[PDB]
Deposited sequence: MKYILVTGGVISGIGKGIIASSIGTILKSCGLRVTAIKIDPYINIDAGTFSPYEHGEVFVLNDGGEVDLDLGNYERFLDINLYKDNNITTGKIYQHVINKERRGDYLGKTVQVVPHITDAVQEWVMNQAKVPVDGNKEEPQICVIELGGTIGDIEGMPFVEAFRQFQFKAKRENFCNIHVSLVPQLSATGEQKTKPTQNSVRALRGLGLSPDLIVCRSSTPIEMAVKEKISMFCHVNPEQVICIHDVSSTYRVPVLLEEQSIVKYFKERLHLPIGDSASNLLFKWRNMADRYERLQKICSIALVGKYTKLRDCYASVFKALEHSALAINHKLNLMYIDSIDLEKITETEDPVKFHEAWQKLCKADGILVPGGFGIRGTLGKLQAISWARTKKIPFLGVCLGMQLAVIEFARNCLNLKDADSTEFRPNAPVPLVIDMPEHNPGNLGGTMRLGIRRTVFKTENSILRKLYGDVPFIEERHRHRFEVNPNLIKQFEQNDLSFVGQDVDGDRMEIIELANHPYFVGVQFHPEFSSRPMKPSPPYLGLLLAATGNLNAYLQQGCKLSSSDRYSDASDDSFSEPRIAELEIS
């Protein structure tokens, strides 16, 4: 397989996942099947224990893997459905090697980082790259590997040592390395400074990799004097120093990479047999004039992404108003064209009662369904089939008249079957008939609650129907859309 490593310098928040997902959809537009793997140097096995404040939201995969949001970036850009072992962590690898040792698999030899941990990294990366992650059983051609962290962090040292070796245990034709680095710009002078990138490239080069591309992220476009310094002190040609500045949307980030000629570079380097939508969506986004104000009652990234897909599909700008549910909160809730009550693991019941009584559009997700059932009366993890109990339901029209949907669940509580006879219609259930998994309130333009998280299914080309329904309702257009 062809491998593209993406390493970070200076600071992690520079958008490496957006770079990695961008070069993935570029190569996908060039007809190549692209896998992705994320390395997270954290010792946590899965993100199921994380707070959404730490590493952003917990993204859920079809197999029930709970991971950080950058796997959702890979899904949303590439239109792939990842498996849990496309997340590599230090915890997963050290536990593997430890469990191999206790089986005797290392044949009485001393286990140590080089070779055994570095070989575990290589074995994992070789094998999960070969796994069909598009719906085609046809084995992938490229695997993009985001090495999370910044090079120089001690946690990341096993992985760069593995990738150093993986150059030599492959071929140059089959392995390239992107370094994404910050070029800070001083407020006093406008002077863009190269010294972080120079020092970070020196560290990466000290660890036996080298930049095949340097990707400057910067506030303003980098001047030629700054690119000359980088190409000199980082020992890479001008064509190999790429600038991504602040732009309107993530839709524009692939387009900058075309304009900086990465496909010529990867064609030459990786010996490859080689957008429209990305320009169209970027150009749309810059030309949005109508506003939809949704009350949301990186902690809710896929939620926001799904709304913005939906918003762009109806040529509205989203004015997303985040509201802490313990609560100007009610002022925001007055100019709410829709209420979105997302998931979590009580004060949300304010907004649900408001939405119900004032007939303001409502989407409840997970907890929002449970609370809506409770309000009206006053782990199941990964992909499951939810069957519709009628065809007279708004979500069934939105999903295209299909008798069931398959969506990603993450919940440990459910509605009691014995109490549903006290009743708001329960419109979707599990195949067992026990759990109700979708509610719709009929005396309302759009008040639906779903047990599942349809966010994780959202992609720009196909907005999440429960989130689309909300934005259609919030602009009156639902009555048109179903007609």
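**Student:** Which parts of the deposited sequence lack C-alpha coordinates in this model? Number from residue 1, please.
**Tutor:** Residues missing from the model, as numbered along the full deposited sequence, span 275-281, 305-311, 342-355, 374-378, 412-447, 493-496, 557-586.
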